[PDB]
Amino acid sequence: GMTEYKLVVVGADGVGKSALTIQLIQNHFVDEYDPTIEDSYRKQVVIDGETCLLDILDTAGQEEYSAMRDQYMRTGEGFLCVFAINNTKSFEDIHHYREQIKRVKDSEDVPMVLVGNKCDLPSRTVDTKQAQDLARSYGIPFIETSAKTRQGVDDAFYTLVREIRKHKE
Ligand SMILES: Cc1cccc2cccc(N3CCc4c(nc(OC[C@@H]5CCCN5C)nc4N4[C@@H]5CC[C@H]4CNC5)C3)c12
Ligand SMILES: Nc1nc2c(ncn2[C@@H]2O[C@H](COP(=O)(O)OP(=O)(O)O)[C@@H](O)[C@H]2O)c(=O)[nH]1
Ligand SMILES: [Mg+2]
């Protein structure tokens, strides 16, 4: 029938987590989506021939380490770690997010994809090589995306799904 996959999109404010989600769910580019709104969206898609129900959590709110957020977050089976290629700070923050995932899953190997969004922008302060290097040090895939032009968006989420399959073996 279906396989459900619980995905969680994380990373710093403004990198495009909402835009990426809404682009996948609803196929349009949201210009100014309330930065404080956290919610889950569900989507039925076929990926490599398998009909999937993607439960996607788009994180937002205040920074804080509360027990039910911990429990909200550890239901994730796979994590999109998103930075913007024009936001150096958001790239440097990726390690903190991967540490928070590792802690709440209590595991050293959690399915994860590194995503460099806003790749449609000319102002590029994070190189591709810098991000690939980080991705290879985690053993995880890296993809560049643009929620505005939709390039790479579907691939980034399906690639994560694929990482969840391999983890399951
Ligand atoms: C993201 C995440 C993944 C897995 C488990 C988690 C468990 C608890 C909490 C988390 N999350 C909550 C939001 C957040 C978080 N960590 C930051 O780190 C910002 C800077 C970087 C270095 C430390 N810190 C000073 N920021 C968060 N916020 C998001 C993005 C900005 C901020 C406010 N709006 C939404 C942590 C878990
Ligand atoms: N040029 C460009 N702008 C983007 C892209 N993705 C998001 N944005 C814009 O960046 C801002 C923050 O996006 P949002 O999805 O709210 O980021 P979030 O805080 O991670 O949810 C919004 O103004 C978006 O229109 C992109 O791929 N390219
Ligand atoms: Mg948002």
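Index from 1, following the sequence. One-based numbering, in listed order, for ligands and for the atoms of each. These numbers come from the heavy atoms of this one structure, side chains and all, not from hydrogens, waters or symmetry mates.
- Counting the atoms of ligand 2 from 1 in the order shown, those under 4.0 Å from a heavy atom of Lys148 are 1 (N), 26 (C), 27 (O), 28 (N).
- Within the 4.0 Å heavy-atom shell around ligand 2 one finds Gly14.
- Considering backbone and side-chain atoms alike, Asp31 places an N or O below 3.5 Å from some N or O of ligand 2.
- A heavy-atom separation below 4.0 Å is found between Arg103 and ligand 1.
- Listed by chain and number, the protein N, O or S atoms at a distance under 2.8 Å from the Mg ion (ligand 3) are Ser18 OG.
- Within the 4.0 Å heavy-atom shell around ligand 2 one does not find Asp58.
- One finds no salt bridge joining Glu163 and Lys166 here, because no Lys/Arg side-chain nitrogen approaches an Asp/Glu carboxylate oxygen to under 4.0 Å.
- Residue contacts with ligand 2: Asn117 is placed with a nitrogen or oxygen under 3.5 Å of a nitrogen or oxygen of the ligand (distance criterion only).
- The ligand atoms of ligand 2 that sit less than 4.0 angstrom from a heavy atom of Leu121 are 1 (N).
- Considering backbone and side-chain N/O of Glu32, none are found under 3.5 Å from N/O of ligand 2.
- Between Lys118, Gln151, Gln23, it is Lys118 that holds the heavy atom closest to atom 8 (N) of ligand 2.
- Residue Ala147 places at least one N or O, backbone or side chain, under 3.5 Å from an N or O of ligand 2.
- By the 30° and 60° cut-offs, the orientation of the rings of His95 relative to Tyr138 is tilted.
- Taking atom 29 (C) of ligand 1 as the reference point, the nearest protein heavy-atom neighbour is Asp13 OD1, 3.8 Å.
- Each of the following atoms of ligand 2 lies closer than 4.0 Å to a heavy atom of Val30: 24 (C), 25 (O).
- Every atom of ligand 2 is numbered from 1 in the order shown, and the set under 4.0 Å from a heavy atom of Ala19 is 6 (N), 7 (C), 15 (O).
- The proximity of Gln100 to ligand 1, defined as any non-hydrogen pair under 4.0 Å, involves the side chain as well as the backbone.
- For atom 2 (C) of ligand 2, the closest heavy atom belonging to the protein is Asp120 OD1, 3.4 Å.
- Distance from atom 13 (C) of ligand 1 to its nearest protein heavy atom, with residue and atom name: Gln62 O, 3.9 Å.
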